[PDB]
Amino acid sequence: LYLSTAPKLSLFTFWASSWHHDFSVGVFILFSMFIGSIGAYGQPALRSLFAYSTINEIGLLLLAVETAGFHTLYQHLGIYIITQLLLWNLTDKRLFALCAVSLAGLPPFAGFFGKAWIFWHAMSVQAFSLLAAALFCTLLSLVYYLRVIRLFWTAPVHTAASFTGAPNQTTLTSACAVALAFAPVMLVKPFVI
Amino acid sequence: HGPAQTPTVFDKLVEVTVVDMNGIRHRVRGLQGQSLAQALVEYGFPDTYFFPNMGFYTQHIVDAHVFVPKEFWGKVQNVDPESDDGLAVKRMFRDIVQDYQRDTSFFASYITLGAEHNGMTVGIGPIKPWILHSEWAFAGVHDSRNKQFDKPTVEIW
Amino acid sequence: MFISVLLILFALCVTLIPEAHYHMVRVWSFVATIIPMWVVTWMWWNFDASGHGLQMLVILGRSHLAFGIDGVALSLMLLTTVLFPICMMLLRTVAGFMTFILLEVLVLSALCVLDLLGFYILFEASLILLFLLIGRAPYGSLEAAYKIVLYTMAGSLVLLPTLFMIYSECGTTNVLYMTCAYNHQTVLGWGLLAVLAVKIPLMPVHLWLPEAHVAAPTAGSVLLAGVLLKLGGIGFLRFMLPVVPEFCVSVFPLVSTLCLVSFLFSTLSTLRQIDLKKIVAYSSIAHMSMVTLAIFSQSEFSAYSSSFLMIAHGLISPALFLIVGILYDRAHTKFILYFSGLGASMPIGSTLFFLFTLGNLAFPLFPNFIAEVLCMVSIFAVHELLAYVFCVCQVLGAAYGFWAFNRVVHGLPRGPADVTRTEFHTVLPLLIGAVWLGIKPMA
Amino acid sequence: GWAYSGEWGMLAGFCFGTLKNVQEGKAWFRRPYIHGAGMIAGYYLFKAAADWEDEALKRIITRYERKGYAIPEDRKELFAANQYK
Amino acid sequence: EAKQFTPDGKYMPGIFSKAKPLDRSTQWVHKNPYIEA
Amino acid sequence: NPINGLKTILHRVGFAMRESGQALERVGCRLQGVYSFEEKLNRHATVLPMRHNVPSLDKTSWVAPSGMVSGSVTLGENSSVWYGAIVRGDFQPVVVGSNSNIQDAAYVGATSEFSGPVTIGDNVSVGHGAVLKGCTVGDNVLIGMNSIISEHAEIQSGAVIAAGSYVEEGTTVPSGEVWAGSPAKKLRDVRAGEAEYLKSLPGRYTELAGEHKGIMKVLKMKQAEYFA
Amino acid sequence: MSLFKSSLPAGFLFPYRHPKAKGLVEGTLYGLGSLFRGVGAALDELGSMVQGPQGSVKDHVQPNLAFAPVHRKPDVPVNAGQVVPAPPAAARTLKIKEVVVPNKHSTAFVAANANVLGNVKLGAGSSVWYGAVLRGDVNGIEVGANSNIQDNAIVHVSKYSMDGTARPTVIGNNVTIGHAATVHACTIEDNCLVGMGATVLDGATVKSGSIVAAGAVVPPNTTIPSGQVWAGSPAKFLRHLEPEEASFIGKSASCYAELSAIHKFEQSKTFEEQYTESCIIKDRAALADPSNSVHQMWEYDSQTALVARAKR
Amino acid sequence: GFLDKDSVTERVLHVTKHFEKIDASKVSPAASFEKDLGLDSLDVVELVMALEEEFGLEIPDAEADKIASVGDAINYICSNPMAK
Amino acid sequence: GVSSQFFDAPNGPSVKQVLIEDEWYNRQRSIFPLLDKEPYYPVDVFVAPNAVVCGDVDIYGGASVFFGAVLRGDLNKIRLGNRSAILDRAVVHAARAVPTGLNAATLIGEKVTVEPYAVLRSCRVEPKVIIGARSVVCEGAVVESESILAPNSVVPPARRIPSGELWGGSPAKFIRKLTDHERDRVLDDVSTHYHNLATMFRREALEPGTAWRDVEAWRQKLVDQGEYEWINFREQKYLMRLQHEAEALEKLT
Amino acid sequence: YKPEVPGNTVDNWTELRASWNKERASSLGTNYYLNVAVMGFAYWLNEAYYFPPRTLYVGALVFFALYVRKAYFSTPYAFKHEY
Ligand SMILES: C/C=C/C(=O)SCCNC(=O)CCNC(=O)[C@@H](O)C(C)(C)COP(=O)(O)OP(=O)(O)OC[C@H]1O[C@@H](n2cnc3c(N)ncnc32)[C@H](O)[C@@H]1OP(=O)(O)O
Ligand SMILES: CCCCCCCCCCCC(=O)SCCNC(=O)CCNC(=O)[C@H](O)C(C)(C)COP(=O)(O)O
Ligand SMILES: [Zn+2]
């Protein structure tokens, strides 16, 4: 949970502030996108599934980087960090599918818009190649995201009770991170810029 | 429907001789329609004798590694090697067993006991160390007293 | 807007109802869908055909979400709001009520959208709902949901770069300014064609529907049959023609030939179907292809004819699905060779089967007949060859229709008895609406 | 800033308390103090968001004009405005 | 021959009735294995 | 029933206010550092309300501390529910008239999803440990110990139910009949002395229940003496 | 004298109730807490009163009815319980001079939720389980040693019957009573087993070493000899005692005696001790972390979560 | 059943073949250690040692005591789950 | 003959013990451990205040234990499946061993409903099963899924209950075949009905309640009188453990 | 209704055991080698980004075509005693 958020955030910020180069990273973006998508499709293990999902998301962030426009980069990083925060402190499994739909780019929640402005800026430079690759990888994400949904939505509801006190010690942060469906209201406007 | 004898558990009672990895014979009573490994858990085998299934939408299913003698080979329900379930089984061979593989290596989750299985004898197959997630792993050492039957739940998460 | 928000909050109160009082649960769930029907009635009473081509305009600031009413959207809303209570009458779980409430909300919001990005966002917000609906554990098929969801996502992902490109080109996402700016019509046109050729069943990318509409239960089946295909036609009419005409023109031979081959192959494929539900599934394809060709013809009155045909199918086909669902539920199977002697067994139900079969076959005293007449008028004015192709194969659909009807209805009596009061009530709105629109639709 | 931001925040806090009781198996309406605190938090947070939009927009117009991109005054009102939209 | 109702309505499920209760599944067909295949 | 809605909203608001007050008193106890509130003492309730729906108890009626009633329970004049018995009216109303005994750990209630309201007459003796679900009973019937009465069956006034028998659903038994068996059936008619014993049965239960109430009142006096 | 018997503050040592406050900080905090308590109680009562008739019932503790008296009657012979003077308040208020309470052997164990009242004798090591009722009000109840009353069983007597013979119920030593069993006006001899859910009627008597099948129905005034097994409704003789079944009854006696002892141990604990145990479990789970910072300095006792010695 | 009934038999015969106290042709696929071979308990122990050495297993003393025939050894090996 | 004291408790021995006849108000706990056997219940479990639950008992999902019911898992492990109904004053018990030779634990499958006054002891209850009132299943018997057991029915030990059928009687016997609809929905119907009732009861849970005030008032009075006593259970337990060790070591040689 | 699994159970299980009686090594070496290769030669594609799109897509199709899947990877060389 720590690793997915902090060093990535700091490195993106330092890149945005004090970095320039005279090259491209597009082939590495292709590597990340394709490999992460295929692996997250093919790995039955939930840990490795989320690992390859993270690889695909960091590839998406790199694609956003290569075409500049760091505003979408920032907002998508924030959304993904919110989702990761919601992920690793889960006690009920009913909300677990909300993470998938916030990662699979389903419309009504923030993952969709976070991928959406990224696509908008990619088209703003007409980066046809990487935009098409990102679209295809986004499609491939949906398979294992629906698999996640099946695994932890269409199941009997059961949650173990605490015994050593600390009764569901992370309800507050969980339910707070859940309130991301209300974010797109403020998000749709030119906010992060 | 007439004087048909009352239904008793004896008519569905299945007995299998199971020998541990330490070479100790053990008597186990099984029931028709249920998996062998479920009864194995029901007997008191240590948690180290089991492992998660490596398939999709089946990771809540436990299993144990056993050897099937030559006679009972045909009683093992067939599985397509080309199938996704077959791919999960092959991943199980690839990871759990490694060079512990024997031509009698089999998985108890695909053993549905019946009348013919009465009197069948199998033993436990050795396994390599493994880890699934934070709450269920295998050190590679069978030094434990905790019963797999004592786990309240099977958390894939 | 305020009224709409009141309905939105009022519908959500279903979950807050304790499950102990089932009677009130059913009452509340039904009334929540009842209200929008009266609201749309009030809108229609409020509309002016002597007024602007758009009326009841409202915009939610810089949040896109442009809502306005034409005749097409109002009629589609009316038909949907008629359909939904019947679907509610066929459900028994709170989850189904919530899913269908959200689906109805999304459909209504998209029906009067005026923002292309808004349509993009609002339309496919129900894809997860359909996924959960179709692949239910005891009776559904996961494969059908997988199929349809992947097809819809593929279409939307193809469209999105075009949508954002035209947004940047014109600086906004409102149709009334998108229609007024110069743009690279070609790319957006391909995006729109891809999405609305996936949504409306068009060959070759149409194969999700036969599995989906059959694996789903009766309520979802009626929803999918009568609503989501018409989202494609209203999509064309509201967006593609007003925005990018040159692409529409240069693609017209392609669209026409694709629609024709779709109609022909679907019509021929239907005869080899061995299940009633699959037969009903293939039936809608020809209607949608006819609607699309009528829209693309633009000859004399294309929009009105297309709207008439869309209303006609959304009226008649749900009755076919109702009969199929009744027969399956009170039979536990959908396989044809277990249906025989239904007229003596189900007199009124079999009579309704006959009537709605004729409705599917475009016969006079029915809205479908006038609908296809107007569509063929529009097609003929463009060219007579396309109109002949539509006219020549009229026999081939009625072939399978009559064959299946006679096979399952006449013969040795075996199976369920006739329909119940609830089933006749569910049938009733479609019969009355079809009669009313086939006698005096206008005045 | 948006007109109904604080109402949106209160609705978010309402759902927040609902799902907090969900996560502990309690009835949705139990522990109303949590509901009130969450409503206050959401109201203030989304008011802050509404004000931050105005802050960012003023920053945008200032930066754009300083670079040399001078605007006719008619569209400056699209940025130089604390509009209660 | 069962009594799934009372003399004044009041549908009785008849869980412990010896007779086979008429239900929604009453008119289900008996599937033919060849047809199913 | 808009009155039901008004009652319900009043109950919900008062319930939330009770929540807030009790929580704040828990916080105050924490500040005072005494955790007697934390005690896992038994919460078993003689009178358990259902939202706004409250049992109605005659001033001459009585319930044991172990005895419990829930929902709109109506116990008539000099009507007794003995120790540990559970008569439930949370879902369906149960109506009981005058001089009726619900013996120790006997069940009368309606919890089948289609169980109608339960009616109990007068001079009604339900034996120790009998189960009654969705049934109506006339006056002056001996309901046997550990017996089962199923739904919508009519026990006409004056019959006999032998102990431990099972009465099938909707199976009406006419008056003055002795019935036995799990597939219960008529055995014979009531005898004169047996009927006389039944007629003398109620008053002994009445006097004993009054005495039990007196002893319970004494014990509650001592309970108060501990803190009062 | 674990390691810090003389240094740990009383708050840690006495978590149920802190001692009297000393400092101004402590006194002000106590006053604020008292104000909080009062305001919360006022709010609770306001909510109850606006709530209406339903709130009229309050949280009141249940009386300890496992040992409850019954009425000393002239005709009823006290032979199982024992007459005791009533509390002075009862006599001065509602004219109660003599009450009869059960004669219970100290080694016996009764669950905290049972209903035992009046003329009852409990044998040494005899047990009464949860949810049962033993109302000795009009006659006597005699239970032998090492005799068990299982859960939700019913024991009652008859002062007046169909034949009008007030017959007490006698239970011998080493006697087993089943779960949710029924006992009324019957005599049970020694080393006997009564099935769970069975039903015993009046005038019945069971010889020693006999078997009552579960769920069976005993006819009124019927005698069943030794060495026999009876079942049916009404019961019929089926089989004789197998050699192992008497030893099975003895095993039941032994094992349920052990169970009664363990349950008495679990039940006879004070509230403050239970809270101490809860806190100990909490600290033990806090010590379940191998990376706990204390584990390279302080070694704790497993049973008490207190430092016994340092590790290094 | 854990191994083939034939290959085990030929391996047993081969390991029997290299004993100085035995006759190479007197060894049969099924025989008796005492009556046929005239070998004592210690010779039987040595037999068990040789068989286990070839088959790479471990046999406790009690099982060896139960073993007194060639078929006994073959069926014991085929019943051993650690067979290789 | 066992002493009521346990020096080897998982929490330590009890220093002061209180006689039951000295109790002036009932202190009956609904749920409590048994030595090193501890309960396991869902967060949204309905436990009636007069119910009895102890020790190594497993409960899954939306199951419920109603008024006066007993689940005494002292001799074995007890498991309760998802959304399983236990009505008022029923007992789920077990033994140390059974003639069948299987685990003596009593297993209850998911969506299994139980009427009041039922005794369950060392039986395997497959999911989706109805249990009647005054009905008992003995040790080692198995009830197959999709089955309905009539009230006042006796199930002898080591017996079998074939699925898809209605059975009853004393002893139990065939009655009729369960209809396909009955298998499909009715069992789940009862499950959901009684779960809805259990959640209805759970909604108005004022826990822990306010009755502790009077006991707190009495203790506070004792404090004012000073007669309320301070006892360090931790250090007294340490002294008792040391005394046990010393006395035990002083009796071998 | 249920379709039958094709083939024999014994043959299919034996195929499931084809090329699996082998110890799994550590994944560290592959990871180190991949990182070393990227650190050493990825600069060769620096001039690539200007190349005509047709050639780049041809290269992409070739690279996709010649790939070999790491999971379930087996060789005849795993069970031979000599080259
Ligand atoms: C919690 C504490 C537990 C204890 O320590 S003991 C308290 C609870 N113990 C019990 O369950 C006691 C009753 N158990 C037994 O069943 C026993 O004692 C019961 C002994 C007579 C007999 O149980 P068995 O397992 O020995 O069954 P049998 O072989 O004796 O059965 C013979 C016959 O009697 C019938 N029978 C057997 N048991 C019963 C019953 N119970 N009721 C009615 N009819 C029965 C049965 O129909 C049989 O005929 P069929 O099935 O037709 O062939
Ligand atoms: C590195 C090695 C170091 C060795 C140091 C230890 C050496 C110990 C040697 C001495 C041990 C003994 O003699 S131990 C004494 C053994 N003698 C007895 O027990 C009395 C009866 N004789 C037997 O049992 C014989 O073994 C026999 C007649 C063959 C029975 O034939 P079988 O066998 O068919 O049974
Ligand atoms: Zn009595």
# chains A, B, ... in the order shown; residues from 1 in each chain; ligands from 1
call {"tool": "residues_around", "arguments": {"residues": "residue 28 in chain H", "least_positions_apart": "3", "cutoff": "10 Å", "atoms": "only C-alpha atoms", "output": "ChimeraX atom specification"}}
result
/H:13,16,24-25,31-32,36,70
call {"tool": "write_last_selection", "arguments": {"atoms": "C-alpha atoms", "output": "mmCIF file, in the first residue's frame"}}
result
data_model
loop_
_atom_site.group_PDB
_atom_site.id
_atom_site.type_symbol
_atom_site.label_atom_id
_atom_site.label_comp_id
_atom_site.auth_asym_id
_atom_site.auth_seq_id
_atom_site.Cartn_x
_atom_site.Cartn_y
_atom_site.Cartn_z
ATOM 1 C CA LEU H 13 15.611 -61.171 -8.379
ATOM 2 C CA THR H 16 18.986 -61.534 -4.721
ATOM 3 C CA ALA H 24 21.517 -68.392 -8.271
ATOM 4 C CA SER H 25 19.099 -70.943 -9.763
ATOM 5 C CA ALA H 31 9.898 -68.486 -2.412
ATOM 6 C CA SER H 32 10.387 -68.748 1.357
ATOM 7 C CA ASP H 36 13.431 -72.774 0.703
ATOM 8 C CA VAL H 70 9.654 -62.766 -1.941
#
call {"tool": "residues_near_ligand", "arguments": {"ligand": "ligand 3", "cutoff": "8 Å", "atoms": "only C-alpha atoms and all ligand atoms", "output": "MDAnalysis selection string"}}
result
(chainID F and resid 127:128) or (chainID G and resid 156:158 184)
call {"tool": "atom_distance", "arguments": {"atom1": "CA of residue 46 in chain J", "atom2": "CA of residue 20 in chain A"}}
result
15.8 Å
call {"tool": "closest_residue", "arguments": {"among": "A:148, A:168, A:183, A:163", "to": "chain G", "atoms": "only C-alpha atoms"}}
result
A:163
call {"tool": "interface_residues", "arguments": {"of": "chain A", "to": "chain I", "cutoff": "8 Å", "atoms": "only C-alpha atoms", "output": "JSON, numbers by chain"}}
result
{"A": [156, 157, 158, 159, 160, 161, 162]}
call {"tool": "interface_residues", "arguments": {"of": "chain E", "to": "chain C", "cutoff": "10 Å", "atoms": "only C-alpha atoms", "output": "list in words"}}
result
residues 23, 24, 25, 26, 27, 28, 29, 30, 31, 32, 35 and 36 of chain E
call {"tool": "write_last_selection", "arguments": {"atoms": "N, CA, C and O atoms", "output": "tab-separated table (two decimals), in the first residue's frame"}}
result
chain	number	residue	atom	x	y	z
E	23	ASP	N	-48.12	-26.33	-7.86
E	23	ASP	CA	-47.18	-25.23	-7.74
E	23	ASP	C	-46.85	-24.70	-9.13
E	23	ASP	O	-47.47	-25.09	-10.13
E	24	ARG	N	-45.87	-23.80	-9.18
E	24	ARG	CA	-45.42	-23.25	-10.46
E	24	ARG	C	-44.75	-24.32	-11.31
E	24	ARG	O	-44.86	-24.31	-12.54
E	25	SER	N	-44.05	-25.26	-10.68
E	25	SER	CA	-43.38	-26.35	-11.38
E	25	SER	C	-44.31	-27.50	-11.74
E	25	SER	O	-43.83	-28.55	-12.17
E	26	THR	N	-45.62	-27.32	-11.59
E	26	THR	CA	-46.55	-28.43	-11.77
E	26	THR	C	-46.55	-28.94	-13.20
E	26	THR	O	-46.56	-30.16	-13.43
E	27	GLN	N	-46.55	-28.04	-14.18
E	27	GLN	CA	-46.68	-28.44	-15.58
E	27	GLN	C	-45.34	-28.52	-16.30
E	27	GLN	O	-45.29	-28.34	-17.52
E	28	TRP	N	-44.26	-28.78	-15.58
E	28	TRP	CA	-42.96	-28.92	-16.21
E	28	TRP	C	-42.89	-30.21	-17.01
E	28	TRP	O	-43.44	-31.24	-16.61
E	29	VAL	N	-42.21	-30.16	-18.16
E	29	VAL	CA	-42.07	-31.35	-18.98
E	29	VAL	C	-40.98	-32.25	-18.41
E	29	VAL	O	-40.14	-31.84	-17.61
E	30	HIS	N	-41.00	-33.51	-18.84
E	30	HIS	CA	-39.94	-34.45	-18.53
E	30	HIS	C	-38.96	-34.49	-19.69
E	30	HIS	O	-39.31	-34.93	-20.79
E	31	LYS	N	-37.74	-34.01	-19.45
E	31	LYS	CA	-36.78	-33.81	-20.52
E	31	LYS	C	-36.36	-35.13	-21.15
E	31	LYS	O	-36.19	-36.14	-20.46
E	32	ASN	N	-36.19	-35.12	-22.48
E	32	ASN	CA	-35.70	-36.26	-23.24
E	32	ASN	C	-34.19	-36.14	-23.41
E	32	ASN	O	-33.71	-35.15	-23.98
E	35	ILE	N	-32.93	-35.22	-26.80
E	35	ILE	CA	-33.29	-33.85	-27.13
E	35	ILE	C	-32.36	-32.87	-26.42
E	35	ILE	O	-31.93	-31.87	-27.01
E	36	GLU	N	-32.04	-33.13	-25.15
E	36	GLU	CA	-31.14	-32.25	-24.43
E	36	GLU	C	-29.75	-32.24	-25.05
E	36	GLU	O	-29.13	-31.17	-25.20
call {"tool": "decode", "arguments": {"residues": "range 17-31 of chain E", "atoms": "N, CA, C and O atoms", "output": "mmCIF file, in the first residue's frame"}}
result
data_model
loop_
_atom_site.group_PDB
_atom_site.id
_atom_site.type_symbol
_atom_site.label_atom_id
_atom_site.label_comp_id
_atom_site.auth_asym_id
_atom_site.auth_seq_id
_atom_site.Cartn_x
_atom_site.Cartn_y
_atom_site.Cartn_z
ATOM 1 N N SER E 17 -47.823 -31.434 4.103
ATOM 2 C CA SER E 17 -48.947 -32.145 3.509
ATOM 3 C C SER E 17 -48.453 -33.381 2.771
ATOM 4 O O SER E 17 -47.483 -33.314 2.009
ATOM 5 N N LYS E 18 -49.122 -34.513 3.002
ATOM 6 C CA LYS E 18 -48.738 -35.750 2.327
ATOM 7 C C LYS E 18 -48.907 -35.632 0.818
ATOM 8 O O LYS E 18 -48.053 -36.094 0.053
ATOM 9 N N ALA E 19 -50.000 -35.019 0.375
ATOM 10 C CA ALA E 19 -50.260 -34.891 -1.050
ATOM 11 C C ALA E 19 -49.258 -33.948 -1.705
ATOM 12 O O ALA E 19 -48.696 -33.054 -1.066
ATOM 13 N N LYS E 20 -49.040 -34.160 -2.995
ATOM 14 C CA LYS E 20 -48.118 -33.330 -3.759
ATOM 15 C C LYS E 20 -48.767 -31.985 -4.060
ATOM 16 O O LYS E 20 -49.812 -31.947 -4.716
ATOM 17 N N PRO E 21 -48.185 -30.870 -3.617
ATOM 18 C CA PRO E 21 -48.855 -29.570 -3.762
ATOM 19 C C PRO E 21 -48.710 -29.017 -5.173
ATOM 20 O O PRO E 21 -47.619 -29.014 -5.746
ATOM 21 N N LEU E 22 -49.825 -28.553 -5.732
ATOM 22 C CA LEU E 22 -49.795 -27.877 -7.021
ATOM 23 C C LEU E 22 -49.003 -26.584 -6.900
ATOM 24 O O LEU E 22 -49.189 -25.817 -5.950
ATOM 25 N N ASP E 23 -48.122 -26.334 -7.862
ATOM 26 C CA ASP E 23 -47.181 -25.234 -7.743
ATOM 27 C C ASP E 23 -46.855 -24.702 -9.133
ATOM 28 O O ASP E 23 -47.466 -25.095 -10.131
ATOM 29 N N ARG E 24 -45.874 -23.802 -9.183
ATOM 30 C CA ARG E 24 -45.419 -23.254 -10.456
ATOM 31 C C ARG E 24 -44.748 -24.325 -11.309
ATOM 32 O O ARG E 24 -44.862 -24.306 -12.541
ATOM 33 N N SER E 25 -44.055 -25.265 -10.676
ATOM 34 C CA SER E 25 -43.378 -26.349 -11.376
ATOM 35 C C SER E 25 -44.307 -27.495 -11.744
ATOM 36 O O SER E 25 -43.825 -28.549 -12.172
ATOM 37 N N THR E 26 -45.621 -27.316 -11.590
ATOM 38 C CA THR E 26 -46.552 -28.426 -11.766
ATOM 39 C C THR E 26 -46.553 -28.944 -13.200
ATOM 40 O O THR E 26 -46.558 -30.160 -13.427
ATOM 41 N N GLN E 27 -46.549 -28.044 -14.181
ATOM 42 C CA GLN E 27 -46.682 -28.436 -15.578
ATOM 43 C C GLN E 27 -45.342 -28.516 -16.299
ATOM 44 O O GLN E 27 -45.292 -28.339 -17.521
ATOM 45 N N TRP E 28 -44.260 -28.778 -15.575
ATOM 46 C CA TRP E 28 -42.957 -28.920 -16.208
ATOM 47 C C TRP E 28 -42.892 -30.213 -17.009
ATOM 48 O O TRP E 28 -43.442 -31.243 -16.606
ATOM 49 N N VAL E 29 -42.214 -30.159 -18.157
ATOM 50 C CA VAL E 29 -42.069 -31.351 -18.985
ATOM 51 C C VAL E 29 -40.979 -32.253 -18.415
ATOM 52 O O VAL E 29 -40.138 -31.840 -17.608
ATOM 53 N N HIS E 30 -41.000 -33.511 -18.843
ATOM 54 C CA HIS E 30 -39.937 -34.454 -18.526
ATOM 55 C C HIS E 30 -38.959 -34.486 -19.692
ATOM 56 O O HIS E 30 -39.307 -34.930 -20.791
ATOM 57 N N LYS E 31 -37.740 -34.014 -19.448
ATOM 58 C CA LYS E 31 -36.782 -33.809 -20.525
ATOM 59 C C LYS E 31 -36.357 -35.133 -21.149
ATOM 60 O O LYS E 31 -36.187 -36.143 -20.459
#
